[PDB]
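For reference, the structure discussed in these notes is given below.
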Amino acid sequence: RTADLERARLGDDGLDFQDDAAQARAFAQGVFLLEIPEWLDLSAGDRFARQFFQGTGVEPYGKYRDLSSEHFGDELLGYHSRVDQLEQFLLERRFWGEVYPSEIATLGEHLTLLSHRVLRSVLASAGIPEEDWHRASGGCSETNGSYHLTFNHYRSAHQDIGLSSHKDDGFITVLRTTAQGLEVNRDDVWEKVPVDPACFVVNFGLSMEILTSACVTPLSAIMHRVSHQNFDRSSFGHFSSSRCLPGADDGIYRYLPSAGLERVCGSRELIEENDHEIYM
Ligand SMILES: CC[C@H](C)[C@@H]1NC(=O)/C(=C/[C@@](C)(O)CO)NC1=O
Ligand SMILES: O=C(O)CCC(=O)C(=O)O
Ligand SMILES: [Fe+2]
């Protein structure tokens, strides 16, 4: 019922697991734990996740309930009530400094850098040539990707599942969870992800799976869900995707030594299709 995940930490040369077999298990499973740097403050983000849905009466973050997608010219952004228990506030990096509270934008920038370092370590381990990283990652091997800082609240009063079974769209997801509910389907059995408030949960998205499908050890996008919540639950995540601007899409690529990078689809196209798959 409970999954046992490999634990890593960011070191001087990148991702440090206990050994090479632990990294090989972690990358093949598509999910692992990443120790949270002692200097990285998560307390403002935790409070934002507990508050964003409550409206302007609740300070300092309740007012973000009133910011819908029309405010951003991007239908994916802002407050969203989902068909599951989940309600969300999603915002891409181009809007953080202007729209998010100053300390929330700061959290997003720091998570972008941690995710940047995690991704470059992964691309090296997958055997992708370094000179192809920028195009292969749609900019995420540097800081030119699309990055969403997304806050999640599970309304326990709503029936049925917390968040439907799915895979993330992008390359790297850095997930901050302090309560039970997350479940992963490694192999073919659903398993609870253990709670560890000292670690992020890291997993790969669909773009990573597509990118590394022909590699020596292909990396998969883990299927995961949030079980029905009988009490309220909150969380937040940092998502790294190939640059998917409404007018500036970087596309999704498969790497093959015999051919280089072959375009598969567009980045926003993958996101819109996935959101349609996730919520039936
Ligand atoms: C790349 C932009 C998207 C919106 C980003 N990637 C995801 O896979 C996503 C999935 C859900 C389950 O959280 C949305 O319901 N969340 C995000 O923030
Ligand atoms: O809330 C969680 O623990 C998981 C949320 C999630 O998987 C997502 O928002 O994509
Ligand atoms: Fe997810």
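Labeling convention for the structure tokens: chains A, B, ... as they appear, residues from 1 per chain, ligands from 1 in order of appearance.
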
Practice task
Based on DSSP run over this structure's backbone, return all residues of region 18-75 of chain A in alpha helix (DSSP H), as a list in words.
Solution key: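 In region 18-75 of chain A, DSSP puts these residues in alpha helix (DSSP H): residues 20, 21, 22, 23, 24, 25, 26, 27, 28, 29, 43, 44, 45, 46, 47, 48, 49, 50 and 51 of chain A.
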
Could you save those same residues with N, CA and C atoms as a tab-separated table (two decimals), in the first residue's frame?
chain	number	residue	atom	x	y	z
A	20	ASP	N	24.50	4.29	-7.66
A	20	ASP	CA	24.04	4.34	-9.04
A	20	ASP	C	22.81	3.47	-9.26
A	21	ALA	N	22.68	2.37	-8.50
A	21	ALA	CA	21.49	1.54	-8.61
A	21	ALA	C	20.27	2.25	-8.03
A	22	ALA	N	20.46	3.07	-7.00
A	22	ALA	CA	19.34	3.84	-6.47
A	22	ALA	C	18.86	4.88	-7.48
A	23	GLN	N	19.80	5.56	-8.15
A	23	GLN	CA	19.42	6.49	-9.20
A	23	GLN	C	18.75	5.76	-10.36
A	24	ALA	N	19.24	4.56	-10.69
A	24	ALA	CA	18.64	3.80	-11.78
A	24	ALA	C	17.22	3.37	-11.44
A	25	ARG	N	16.97	2.98	-10.19
A	25	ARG	CA	15.61	2.68	-9.76
A	25	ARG	C	14.74	3.94	-9.78
A	26	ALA	N	15.26	5.04	-9.25
A	26	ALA	CA	14.50	6.28	-9.18
A	26	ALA	C	14.10	6.76	-10.57
A	27	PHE	N	15.06	6.80	-11.50
A	27	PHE	CA	14.77	7.28	-12.84
A	27	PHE	C	13.84	6.34	-13.60
A	28	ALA	N	13.96	5.03	-13.37
A	28	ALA	CA	13.08	4.08	-14.05
A	28	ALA	C	11.66	4.15	-13.49
A	29	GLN	N	11.52	4.36	-12.18
A	29	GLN	CA	10.19	4.52	-11.59
A	29	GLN	C	9.55	5.84	-11.99
A	43	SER	N	7.25	28.40	3.98
A	43	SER	CA	6.13	28.72	4.85
A	43	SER	C	5.14	29.68	4.19
A	44	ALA	N	5.61	30.59	3.33
A	44	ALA	CA	4.68	31.46	2.64
A	44	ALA	C	3.88	30.68	1.60
A	45	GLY	N	4.53	29.74	0.91
A	45	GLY	CA	3.81	28.90	-0.04
A	45	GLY	C	2.78	28.01	0.63
A	46	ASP	N	3.14	27.40	1.76
A	46	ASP	CA	2.16	26.59	2.50
A	46	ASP	C	0.94	27.42	2.87
A	47	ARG	N	1.16	28.65	3.34
A	47	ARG	CA	0.05	29.52	3.69
A	47	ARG	C	-0.77	29.90	2.46
A	48	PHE	N	-0.10	30.15	1.33
A	48	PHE	CA	-0.83	30.49	0.11
A	48	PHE	C	-1.75	29.34	-0.29
A	49	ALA	N	-1.25	28.10	-0.22
A	49	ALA	CA	-2.06	26.95	-0.57
A	49	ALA	C	-3.27	26.79	0.34
A	50	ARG	N	-3.16	27.22	1.61
A	50	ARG	CA	-4.27	27.13	2.55
A	50	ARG	C	-5.28	28.26	2.40
A	51	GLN	N	-4.94	29.33	1.67
A	51	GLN	CA	-5.72	30.56	1.69
A	51	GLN	C	-6.29	30.99	0.36

Problem - Residue set, region 191-223 of chain A restricted to strand (DSSP E or B), as a VMD selection string - result: chain A and resid 191 to 192 199 to 204 223

Residues just named, written with N, CA and C atoms as a CSV table (one decimal), in the first residue's frame:
chain,number,residue,atom,x,y,z
A,191,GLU,N,0.0,2.8,-5.0
A,191,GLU,CA,0.7,2.9,-3.7
A,191,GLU,C,0.7,4.3,-3.2
A,192,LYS,N,0.4,4.4,-1.9
A,192,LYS,CA,0.5,5.7,-1.2
A,192,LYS,C,2.0,6.2,-1.3
A,199,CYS,N,11.2,16.7,2.4
A,199,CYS,CA,11.5,16.4,1.0
A,199,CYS,C,10.4,16.8,0.1
A,200,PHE,N,10.8,17.2,-1.1
A,200,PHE,CA,9.8,17.3,-2.2
A,200,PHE,C,9.6,16.0,-2.8
A,201,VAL,N,8.5,15.8,-3.5
A,201,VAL,CA,8.3,14.7,-4.4
A,201,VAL,C,8.6,15.2,-5.8
A,202,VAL,N,9.5,14.5,-6.5
A,202,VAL,CA,9.9,14.8,-7.9
A,202,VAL,C,9.4,13.7,-8.8
A,203,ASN,N,8.8,14.1,-9.9
A,203,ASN,CA,8.4,13.2,-10.9
A,203,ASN,C,8.6,13.8,-12.3
A,204,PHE,N,8.6,13.0,-13.3
A,204,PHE,CA,8.8,13.4,-14.7
A,204,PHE,C,7.4,13.5,-15.4
A,223,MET,N,2.2,7.7,-13.5
A,223,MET,CA,0.8,7.9,-13.3
A,223,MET,C,0.5,8.0,-11.8

Handout entry: Near-ligand residues for ligand 3, threshold 10 Å, only C-alpha atoms and all ligand atoms, as a VMD selection string
Key = chain A and resid 163 to 169 173 to 175 182 184 203 to 205 221 to 226 237 239 278

How would the residues just picked look written out with N, CA, C and O atoms as a compact mmCIF listing (two decimals), in the first residue's frame?
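So part39.txt came out as:
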# COMPACT_ATOMS: atom_id res chain seq x y z
N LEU A 163 -8.03 14.08 -7.09
CA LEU A 163 -7.54 14.46 -8.41
C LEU A 163 -7.38 13.19 -9.23
O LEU A 163 -6.74 12.24 -8.77
N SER A 164 -7.96 13.19 -10.42
CA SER A 164 -8.02 11.98 -11.23
C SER A 164 -6.62 11.51 -11.62
O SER A 164 -5.65 12.27 -11.65
N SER A 165 -6.53 10.21 -11.91
CA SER A 165 -5.29 9.59 -12.37
C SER A 165 -4.76 10.29 -13.61
O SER A 165 -5.52 10.56 -14.55
N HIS A 166 -3.47 10.59 -13.63
CA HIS A 166 -2.92 11.34 -14.75
C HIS A 166 -1.40 11.34 -14.71
O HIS A 166 -0.77 10.89 -13.74
N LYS A 167 -0.83 11.90 -15.77
CA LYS A 167 0.59 12.22 -15.88
C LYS A 167 0.72 13.72 -16.12
O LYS A 167 -0.14 14.33 -16.77
N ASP A 168 1.78 14.31 -15.59
CA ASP A 168 2.04 15.72 -15.84
C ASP A 168 2.50 15.93 -17.28
O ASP A 168 2.96 15.01 -17.95
N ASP A 169 2.35 17.16 -17.75
CA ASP A 169 2.64 17.46 -19.15
C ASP A 169 4.14 17.54 -19.43
O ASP A 169 4.60 17.11 -20.50
N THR A 173 8.42 17.90 -12.42
CA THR A 173 7.48 18.45 -11.45
C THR A 173 8.13 18.35 -10.08
O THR A 173 8.59 17.27 -9.68
N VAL A 174 8.18 19.47 -9.36
CA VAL A 174 8.65 19.53 -7.98
C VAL A 174 7.44 19.79 -7.09
O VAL A 174 6.87 20.89 -7.11
N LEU A 175 7.07 18.80 -6.29
CA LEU A 175 5.81 18.77 -5.55
C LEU A 175 6.07 18.89 -4.05
O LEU A 175 6.85 18.12 -3.49
N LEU A 182 -1.53 11.63 -1.91
CA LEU A 182 -0.85 11.31 -3.16
C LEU A 182 -0.64 9.80 -3.29
O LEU A 182 -0.22 9.13 -2.34
N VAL A 184 0.80 6.80 -6.30
CA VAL A 184 1.47 6.59 -7.58
C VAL A 184 1.21 5.16 -8.03
O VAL A 184 1.04 4.25 -7.22
N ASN A 203 8.76 14.13 -9.90
CA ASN A 203 8.44 13.17 -10.95
C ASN A 203 8.62 13.83 -12.31
O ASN A 203 8.79 15.05 -12.43
N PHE A 204 8.61 12.99 -13.33
CA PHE A 204 8.76 13.38 -14.72
C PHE A 204 7.39 13.46 -15.37
O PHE A 204 6.45 12.76 -14.97
N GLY A 205 7.27 14.31 -16.39
CA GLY A 205 6.05 14.44 -17.14
C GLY A 205 6.13 13.80 -18.51
O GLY A 205 7.09 13.11 -18.86
N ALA A 221 6.79 8.92 -17.48
CA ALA A 221 5.96 9.85 -16.72
C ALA A 221 5.07 9.03 -15.80
O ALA A 221 4.25 8.25 -16.27
N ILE A 222 5.27 9.18 -14.48
CA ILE A 222 4.54 8.31 -13.56
C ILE A 222 3.07 8.69 -13.51
O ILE A 222 2.70 9.88 -13.47
N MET A 223 2.22 7.67 -13.53
CA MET A 223 0.79 7.86 -13.32
C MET A 223 0.54 8.05 -11.83
O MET A 223 1.04 7.28 -11.01
N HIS A 224 -0.22 9.08 -11.48
CA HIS A 224 -0.47 9.37 -10.08
C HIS A 224 -1.83 10.05 -9.93
O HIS A 224 -2.43 10.53 -10.90
N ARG A 225 -2.30 10.09 -8.69
CA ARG A 225 -3.62 10.61 -8.39
C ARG A 225 -3.61 11.08 -6.94
O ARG A 225 -2.64 10.87 -6.20
N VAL A 226 -4.70 11.72 -6.54
CA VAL A 226 -4.94 12.09 -5.16
C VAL A 226 -6.25 11.44 -4.75
O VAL A 226 -7.29 11.69 -5.37
N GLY A 237 2.95 22.91 -6.33
CA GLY A 237 3.92 22.28 -7.20
C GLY A 237 4.52 23.27 -8.17
O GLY A 237 3.88 24.25 -8.57
N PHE A 239 6.15 23.25 -11.95
CA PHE A 239 6.11 22.46 -13.17
C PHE A 239 6.99 23.10 -14.23
O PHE A 239 6.87 24.30 -14.50
N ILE A 278 -7.26 14.31 -18.48
CA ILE A 278 -7.29 14.19 -17.02
C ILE A 278 -8.72 14.27 -16.50
O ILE A 278 -9.20 13.37 -15.80

Problem - Within 10 Å of residue 157 (chain A) using only C-alpha atoms, minus same-chain residues under 4 positions, as a list in words - result: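 Listed by chain and then number, they are residues 85, 229, 230, 231 and 232 of chain A.
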
Using N, CA, C and O atoms, can you export the residues from the last selection as a JSON list (two decimals), in the first residue's frame?
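Okay, result.json is ready:
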[["chain", "number", "residue", "atom", "x", "y", "z"],
["A", 85, "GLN", "N", -12.36, 17.00, -6.50],
["A", 85, "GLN", "CA", -12.34, 17.83, -5.30],
["A", 85, "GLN", "C", -11.41, 19.02, -5.47],
["A", 85, "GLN", "O", -11.59, 20.05, -4.80],
["A", 229, "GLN", "N", -10.54, 12.88, -0.48],
["A", 229, "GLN", "CA", -10.17, 13.48, 0.80],
["A", 229, "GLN", "C", -11.40, 13.65, 1.68],
["A", 229, "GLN", "O", -12.37, 14.30, 1.27],
["A", 230, "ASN", "N", -11.35, 13.09, 2.89],
["A", 230, "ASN", "CA", -12.42, 13.27, 3.87],
["A", 230, "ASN", "C", -12.22, 14.51, 4.73],
["A", 230, "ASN", "O", -13.18, 15.00, 5.33],
["A", 231, "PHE", "N", -10.99, 15.01, 4.81],
["A", 231, "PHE", "CA", -10.68, 16.30, 5.39],
["A", 231, "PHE", "C", -9.92, 17.10, 4.35],
["A", 231, "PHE", "O", -9.33, 16.53, 3.42],
["A", 232, "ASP", "N", -9.94, 18.42, 4.49],
["A", 232, "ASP", "CA", -9.28, 19.28, 3.51],
["A", 232, "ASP", "C", -7.79, 18.97, 3.42],
["A", 232, "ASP", "O", -7.16, 18.53, 4.39]]

Handout entry: Selection near residue 153 (chain A), 6 Å with only C-alpha atoms, sequence-local residues under 4 positions removed, as a list in words
Key =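 Contacts, with the query itself left out: residues 86, 87, 233 and 234 of chain A.
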
Completion exercise
With distances taken over only C-alpha atoms, the candidate from A:126, A:242, A:137, A:148 nearest residue 213 (chain A) is A:126

Practice task
Determine the nearest neighbour of ligand 2 from the options A:180, A:125, A:102, A:241, counting only C-alpha atoms and all ligand atoms.
Solution key: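 Counting only C-alpha atoms and all ligand atoms, the residue closest to ligand 2 is A:180.
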
Problem - Nearest candidate to residue 190 (chain A) (options A:3, A:15, A:10, A:265; using only C-alpha atoms) - result: A:3

Considering only C-alpha atoms, tabulate each residue of region 172-230 of chain A that lies at most 12 Å from region 268-271 of chain A along with its nearest interatomic pair and the corresponding distance in Å to one decimal; arrange the rows by chain and ascending residue number and present them as JSON lines.
{"residue": "A:205", "atom": "CA", "partner": "A:271", "partner_atom": "CA", "distance": 10.7}
{"residue": "A:206", "atom": "CA", "partner": "A:270", "partner_atom": "CA", "distance": 8.5}
{"residue": "A:207", "atom": "CA", "partner": "A:270", "partner_atom": "CA", "distance": 8.5}
{"residue": "A:210", "atom": "CA", "partner": "A:270", "partner_atom": "CA", "distance": 11.0}

What are the nearest atom pairs, with distances in Å to one decimal, for all residues of region 102-180 of chain A that come at most 10 Å from region 249-261 of chain A, using only C-alpha atoms, set out by chain and rising residue number as JSON lines?
{"residue": "A:127", "atom": "CA", "partner": "A:255", "partner_atom": "CA", "distance": 9.9}
{"residue": "A:128", "atom": "CA", "partner": "A:255", "partner_atom": "CA", "distance": 7.4}
{"residue": "A:129", "atom": "CA", "partner": "A:257", "partner_atom": "CA", "distance": 9.2}
{"residue": "A:132", "atom": "CA", "partner": "A:261", "partner_atom": "CA", "distance": 8.1}
{"residue": "A:135", "atom": "CA", "partner": "A:250", "partner_atom": "CA", "distance": 7.8}
{"residue": "A:136", "atom": "CA", "partner": "A:253", "partner_atom": "CA", "distance": 6.0}
{"residue": "A:137", "atom": "CA", "partner": "A:252", "partner_atom": "CA", "distance": 8.0}
{"residue": "A:138", "atom": "CA", "partner": "A:250", "partner_atom": "CA", "distance": 5.3}
{"residue": "A:139", "atom": "CA", "partner": "A:250", "partner_atom": "CA", "distance": 8.0}
{"residue": "A:144", "atom": "CA", "partner": "A:250", "partner_atom": "CA", "distance": 9.9}
{"residue": "A:145", "atom": "CA", "partner": "A:250", "partner_atom": "CA", "distance": 8.6}
{"residue": "A:146", "atom": "CA", "partner": "A:249", "partner_atom": "CA", "distance": 9.6}
{"residue": "A:170", "atom": "CA", "partner": "A:252", "partner_atom": "CA", "distance": 9.4}

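Distance-wise, CA of residue 62 (chain A) and atom 17 (C, counted along the ligand's line) of ligand 1 end up 20.2 Å apart.
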
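Counting only C-alpha atoms and comparing A:96, A:198, A:73, A:140, the residue that lies closest to residue 39 (chain A) is A:198.
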
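Coordinates place CA of residue 6 (chain A) at a distance of 20.6 Å from CA of residue 212 (chain A).
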
Practice task
Could you check which of A:67, A:280, A:122, A:193 is closest to ligand 1, using only C-alpha atoms and all ligand atoms?
Solution key: A:280

Problem - Pick from A:40, A:30, A:227, A:248 nearest to residue 209 (chain A), counting only C-alpha atoms - result: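 Among the listed residues, A:30 lies closest to residue 209 (chain A).
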
Exercise for the section: Tell me, in Å to one decimal, how far CA of residue 60 (chain A) is from CA of residue 99 (chain A). Expected result: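 Distance reported for this atom pair: 13.6 Å.
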